[PDB]
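Undergrad:
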Amino acid sequence: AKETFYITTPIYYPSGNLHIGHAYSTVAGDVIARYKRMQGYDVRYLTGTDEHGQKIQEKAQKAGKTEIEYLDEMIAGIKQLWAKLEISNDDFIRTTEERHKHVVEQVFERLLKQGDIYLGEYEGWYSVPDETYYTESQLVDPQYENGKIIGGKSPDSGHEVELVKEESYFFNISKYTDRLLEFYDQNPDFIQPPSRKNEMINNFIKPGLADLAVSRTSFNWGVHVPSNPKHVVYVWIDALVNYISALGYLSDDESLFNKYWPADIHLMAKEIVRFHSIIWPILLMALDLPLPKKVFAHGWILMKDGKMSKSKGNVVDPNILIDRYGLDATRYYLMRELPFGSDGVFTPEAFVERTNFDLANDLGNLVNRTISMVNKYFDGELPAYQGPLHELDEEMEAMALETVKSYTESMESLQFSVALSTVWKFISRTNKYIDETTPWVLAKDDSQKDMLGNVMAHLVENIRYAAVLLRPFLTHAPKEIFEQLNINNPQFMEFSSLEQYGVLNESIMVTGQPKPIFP
Ligand SMILES: N=C(NCCCCNC(=N)NC(=N)Nc1ccc(Cl)cc1)NC(=N)Nc1ccc(Cl)cc1
Ligand SMILES: N=C(NCCCCNC(=N)NC(=N)Nc1ccc(Cl)cc1)NC(=N)Nc1ccc(Cl)cc1
Ligand SMILES: Nc1ncnc2c1ncn2[C@@H]1O[C@H](COP(=O)(O)OP(=O)(O)OP(=O)(O)O)[C@@H](O)[C@H]1O
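If you're matching positions, the sequence shown starts at 2 in full-length UniProt numbering and goes up one per residue.
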């Protein structure tokens, strides 16, 4: 039987339109999902939306709509975007669905019953322009009155903050500290990249985990605490349980949950790694549930000297990139340009360079040159592979095998840009092999027809390798390449067909009417 593999993106907050930042996470998850499917895993890939809170309530009111009206529109547009990116997600979780709300309610009541949660008062300091609450120790220019902080400025914006006090339920998370830290020791690959771990534990665990305010009373757009409905469940419990509620946890059919939980990987950017590495495992401990195997926190797409953000408006719309440059281009750029773990700036120039030089030129010209030569020299009939007949073949065939091996290692460690660059070294090599072998010279001599056929056979096999390896990344080009080469055997499109070079040992009629693979 097939081993399960369960991967998630964060549930995104639809307070504005999604941008290439969000597409980065979602395409990255899709690449992993598609890769794991090709490796023979039974895959489930989840994404969704985080729909509660005062900000959504405010956005809806400003737009003259109810919350659910506003959300249904925003989510329709998000679902359109994923369809347009050809995301292979098996489900889409909305926190407004009853299947989700039921879990949030039951989890909260269970924690109340166990004594994990107790009633108190939340105190904080709100900044309007930051839309952020701060603790008193975070405030700049604290103003004192009889030894007590009665005011200050936000450390981000410098704006005057306002005191907030409201009845709130608190989650005792500190009692799980030793268990959490033991989990980290036993599972060294849990936090990825491991460079994230030190800072996170130094700043957030070392000083002591404060009791966590897990409800609010000052607004009503949220999952209501059944036994105390003036309280709504705040972000921590509401958003985090999506990963299990989507699987029918605590429903009448827990089969998806029993099959796929625990998650093999939660994907996210670095600004929410602490919530998925501290609060999330602790919540799962309170429920006596298995912990996720890995949390990967990638870096940020940057622009205008800062993180791309729908609040700041420093954004690039993925819909515009797809319409202007095509789908493969967009997906390729996202996975290739920014190494998975580091930060990087978006520029239009880097986008066009990356996509024209690598896709249309290196790969596109390779396929065009190859097919046109087969058409010219053999009237479309590609001679069957025989062996490494040319003096360069043994080493190039060895490169094909090493390309696969290296790619695999890069893919397993989630270094997508490296996997891609490795594929492209082989693509570039294959173009060079045309220059080195000069097939047009071989075509003049009738005695050289066998060698010419061998050169053609090696070009197509190299192309086939590249096309297979690109299937997780590019959804259009590999299929197009297979069609134009007229490789119909579905087995020759799978990873296992890359074990031994030279699978095409019957002649094939390539396309008589080739066209550019891109855009
Ligand atoms: N910096 C943060 N501090 C905590 C306050 C968050 C309030 N702002 C939100 N944008 N809330 C939301 N995404 N959701 C939300 C859900 C329910 C309710 Cl009642 C209110 C808000 N959080 C954050 N930026 N995002 C976040 C995302 C996922 C998780 Cl698991 C945790 C935090
Ligand atoms: N960078 C560090 N990495 C984490 C060390 C490995 C965690 N494993 C445990 N088996 N920790 C423990 N039971 N507790 C623990 C407590 C004190 C110390 Cl000296 C070490 C571990 N930590 C650090 N520099 N200080 C630290 C201090 C207090 C706490 Cl609660 C957590 C971390
Ligand atoms: N600039 C970015 N680079 C990489 N990933 C991003 C970026 N922006 C968003 N994401 C993805 O979406 C998740 C949530 O980000 P979020 O929507 O809060 O960013 P935002 O657009 O700045 O929103 P807000 O303006 O409300 O902070 C991240 O954890 C990540 O998976």
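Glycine included, C-beta positions come from ideal geometry on N, C-alpha and C.
#1: Find out if the Cβ-Cβ distance for the pair residue 234, residue 223 is shorter than 8 Å.
#2: With a Cβ-Cβ cutoff of 8 Å, do residue 124 and residue 165 count as a contact?
#3: Would you kindly work out how many angstroms separate the C-alpha atoms of residue 19 and residue 120, rounded to a whole number?
#4: So, helix, strand or coil for residue 343, using DSSP?
#5: Answer with buried or exposed for residue 454, where buried requires no fewer than 16 other C-beta atoms within 10 angstroms of its C-beta.
#6: CB residue 82 to CB residue 320, shorter than 8 Å?
#7: Measure the alpha-carbon distance for residue 218 versus residue 333 and round it to whole angstroms.
#8: Could you give the distance in angstroms between the alpha-carbon of residue 229 and the alpha-carbon of residue 70?
#9: For residue 518, which of helix, strand or coil comes out of DSSP?
#10: Quick one: residues in its chain with C-beta nearer than 7 Å to the C-beta of residue 510, no 5 flanking neighbours on either side, listed in chain order?
#11: Less than 8 Å between C-beta atoms, sequence neighbours within five positions excluded: which residues of the same chain meet that for residue 427?
#12: Indicate, with yes or no, if ligand 3 has a heavy atom lying under 7 Å from the CB of residue 310.
#13: Would a C-beta distance cut-off of 8 Å place residue 198 and residue 206 closer than the cut-off?
#14: Is the number of C-beta pairs between the stretch 80-94 and the stretch 140-157 that are closer than 8 Å three or more?
#15: From residue 254 to residue 96, what distance separates their C-alpha atoms?
#16: What residues in its chain sit with their C-beta under 8 Å from that of residue 303, if we drop five residues either side in the sequence?
#17: At which residues does the beta strand (DSSP E) containing residue 120 begin and terminate?
#18: Quick one, which of 155, 23, 115 has its alpha-carbon nearest residue 133's?
#19: Tell me the DSSP secondary structure of residue 477 in three-state form.
#20: Is residue 49 helix, strand or coil by DSSP?
#21: What's the gap between the Cα of residue 109 and the Cα of residue 118?
#22: Under the criterion of a Cβ to heavy atom distance below 7 Å, does residue 276 qualify as lining ligand 1?
#23: Where residue 375 and residue 392 are concerned, what is the direct C-alpha to C-alpha distance, given to the nearest angstrom?
#24: Less than 8 Å separating the beta-carbons of residue 1 and residue 252?
#25: Which whole runs of the alpha helix (DSSP H) in the stretch 207-254 are 4 residues long or more, in chain order?
#26: For residue 520 versus residue 32, is the C-beta spacing smaller than 8 Å?
#27: For residue 213 versus residue 178, is the C-beta spacing smaller than 8 Å?
#28: Using DSSP's beta-bridge definition, name the partner residues of residue 43.
#29: Using only the alpha-carbon positions, how far apart do residue 128 and residue 313 sit?
#30: Put residue 409 into one of helix, strand or coil per three-state DSSP.
#31: Do you know how far the Cα of residue 35 is from the Cα of residue 497?
#32: Between residue 232 and residue 170, is the Cβ-Cβ spacing less than 8 Å?
#33: Can the beta-carbon of residue 357 be found less than 8 Å from the beta-carbon of residue 49?
#34: Along the chain, which unbroken stretches of the alpha helix (DSSP H) at least 4 residues long are found entirely within the stretch 22-98?
#35: With DSSP as the reference, label residue 148 as helix, strand or coil.
TA: To lay it out plainly:
#1: By 1-based counting over the sequence shown, the position of residue 234 is 233. By 1-based counting over the sequence shown, the position of residue 223 is 222. Going by C-beta atoms, residue 234 is nearer than 8 Å to residue 223.
#2: In the sequence shown, the residue the question calls residue 124 occupies position 123. In the sequence shown, the residue the question calls residue 165 occupies position 164. Taking 8 Å as the Cβ cut-off, residue 124 and residue 165 qualify as a contacting pair.
#3: Your numbering for residue 19 matches position 18 in the sequence shown. Your numbering for residue 120 matches position 119 in the sequence shown. Their backbone Cα atoms lie some 36 Å apart in a straight line.
#4: Against the sequence shown, residue 343 aligns to sequence position 342. Looking at residue 343 - three-state DSSP - the assignment turns out to be strand.
#5: Looking up residue 454 in the sequence shown gives position 453. By the Cβ-count criterion, residue 454 is buried, with 16 or more other Cβ atoms from all chains shown falling within 10 Å of its own Cβ.
#6: For this step, residue 82 is matched to residue 81 along the sequence shown. For this step, residue 320 is matched to residue 319 along the sequence shown. In contact: residue 82 and residue 320 (Cβ atoms closer than 8 Å).
#7: Position 217 of the sequence shown, counted from the start, is the residue given in the question as residue 218. Position 332 of the sequence shown, counted from the start, is the residue given in the question as residue 333. Taking C-alpha positions only, residue 218 is separated from residue 333 by approximately 46 Å.
#8: Indexing the sequence shown from 1 puts residue 229 at position 228. Indexing the sequence shown from 1 puts residue 70 at position 69. Looking at the two C-alpha atoms, the distance is approximately 26 Å.
#9: The residue you call residue 518 lines up with position 517 of the sequence shown. Coil.
#10: As a working mapping, residue 510 is identified with position 509 in the sequence shown. Hits under 7 Å: 381, 382, 487.
#11: Residue numbering aside, residue 427 sits at position 426 when the sequence shown is read from its first letter. Here the set comprises 400, 401, 404, 463, 466, 467.
#12: One-based indexing of the sequence shown puts residue 310 at position 309. Taking the Cβ of residue 310 as the reference point, at least one heavy atom of ligand 3 falls within a distance shorter than 7 Å.
#13: Counting from one through the sequence shown, the residue named residue 198 turns up at place 197. Counting from one through the sequence shown, the residue named residue 206 turns up at place 205. No; because the gap between Cβ atoms is not below 8 Å, this pair is not in contact.
#14: no
#15: In the sequence shown, counting from the first residue as 1, residue 254 sits at position 253. In the sequence shown, counting from the first residue as 1, residue 96 sits at position 95. Distance between the alpha carbons of residue 254 and residue 96 is about 19 Å.
#16: Sequence index remark: in the sequence shown, residue 303 carries index 302 (1-based). If we look at residue 303 and ignore the five residues flanking it on each side, its Cβ neighbours are 309, 344, 345, 346, 347.
#17: As a position in the sequence shown, residue 120 is number 119, starting the count at 1. Note, residue 120: beta strand (DSSP E), 118-128.
#18: Start at 1 with the first residue of the sequence shown, and residue 133 comes out as number 132. Considering only alpha carbons, the answer is 155.
#19: What you label residue 477 is simply residue 476 of the sequence shown in a count that begins at 1. Residue state, collapsed to three classes: coil.
#20: If you number the sequence shown from 1, residue 49 lands on position 48. Strand.
#21: Within the sequence shown, numbered from 1, the residue matching residue 109 stands at position 108. Within the sequence shown, numbered from 1, the residue matching residue 118 stands at position 117. Straight-line Cα distance between these residues: approximately 8 Å.
#22: As a working mapping, residue 276 is identified with position 275 in the sequence shown. Yes, the beta carbon of residue 276 sits closer than 7 Å to at least one heavy atom of ligand 1.
#23: Sequence index remark: in the sequence shown, residue 375 carries index 374 (1-based). Sequence index remark: in the sequence shown, residue 392 carries index 391 (1-based). The alpha-carbon atoms of residue 375 and residue 392 are separated by roughly 21 Å.
#24: Coverage of the chain is limited to positions 2 through 520, which leaves residue 1 absent and any answer about it impossible.
#25: Correct list: 236-241, 243-246.
#26: Residue mapping note: residue 520 aligns to position 519 of the sequence shown, counting from 1. Residue mapping note: residue 32 aligns to position 31 of the sequence shown, counting from 1. Not a contact, by the Cβ cut-off of 8 Å.
#27: Position 212 of the sequence shown, counting from 1, holds the residue named residue 213. Position 177 of the sequence shown, counting from 1, holds the residue named residue 178. Not in contact: residue 213 and residue 178 (Cβ atoms no closer than 8 Å).
#28: Along the sequence shown, one-based indexing puts residue 43 at 42. Bridge partners of residue 43: 5.
#29: In the sequence shown, the residue the question calls residue 128 occupies position 127. In the sequence shown, the residue the question calls residue 313 occupies position 312. Rounded to the nearest whole angstrom, the C-alpha separation of residue 128 and residue 313 is 16 Å.
#30: Here residue 409 refers to the residue found at position 408 when the sequence shown is read from its first residue. For residue 409, the secondary structure class from DSSP, reduced to helix, strand or coil, is helix.
#31: The sequence position of residue 497 within the sequence shown is 496, counting from 1. The sequence position of residue 35 within the sequence shown is 34, counting from 1. When rounded, the distance between both Cα atoms is 15 Å.
#32: What you label residue 232 is simply residue 231 of the sequence shown in a count that begins at 1. What you label residue 170 is simply residue 169 of the sequence shown in a count that begins at 1. Yes.
#33: Stepping through the sequence shown from its first residue, residue 357 is reached at position 356. Stepping through the sequence shown from its first residue, residue 49 is reached at position 48. Cβ atoms of residue 357 and residue 49: not closer than 8 Å.
#34: 55-63, 68-85
#35: Translated into the one-based positions of the sequence shown, residue 148 becomes position 147. Reduced to three states, the DSSP call for residue 148 is coil.
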